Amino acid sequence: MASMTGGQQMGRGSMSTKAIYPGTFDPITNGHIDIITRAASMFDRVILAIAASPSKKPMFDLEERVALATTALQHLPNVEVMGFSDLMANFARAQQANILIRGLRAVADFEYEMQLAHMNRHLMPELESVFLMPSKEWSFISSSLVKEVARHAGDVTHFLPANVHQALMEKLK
């Protein structure tokens, strides 16, 4: 019925879904892999959006982060890895994404996440934020923690894909 309408997003059934999953991914962990795997099972397409210039200087640079993530997620056919240096909402608009994936680990974060969702709603009303809890297995891991453990020779082989594990070991002398 194209001559009459292009159609709207809401109230007319299910639409094509393209999700962004933004983060610093410094480096990507099994926790991140689990989140994106789950999102990729329920949305048509998913972009892992790696922030180029985070406020805290990352251990891996953008090129390394993007390279590691690409390798770790190559087995997922509807997932693509990109870097971005913008607001998550501006990147979403640029990529014609309509879904924003956010991991929800801690109760402390909930308030901040709700506030961010309200801001993103203001910036891009057509972008829906969607929240996934991490699996129980990955619920206590973070990039930061895995790095600090690894720096003092703690075993983190269970928390990272092999390619990331090797790269991390190289960063730490």
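Counting begins at 1, following the sequence as shown. So that the term is clear: the rigid core is the largest set of C-alpha atoms that superpose within 1.5 Å between two forms.
Put simply, when the other structures in 7 other deposited structures of this protein are lined up on the rigid core, the C-alpha atoms of 107 to 115 lie farther off than those of the other stretch, from 36 to 44 and 107 to 115. Stretches 28 to 36 and 54 to 62 differ in mean C-alpha B factor, with the higher average recorded for 54 to 62. The stretch 6 to 14 shows the higher mean C-alpha B-factor when 154 to 162 is compared against 6 to 14 in the entry. Per the deposited coordinates, the residue with the largest Cα temperature factor out of 70, 129, 115, 142 is 115. Reading the B-factor column for the CA atoms of 47, 42, 106, 119 in the entry, the top value corresponds to 106. In the deposited entry, the Cα temperature factor of residue 102 sits in the bottom third of values across the chain's modelled residues.
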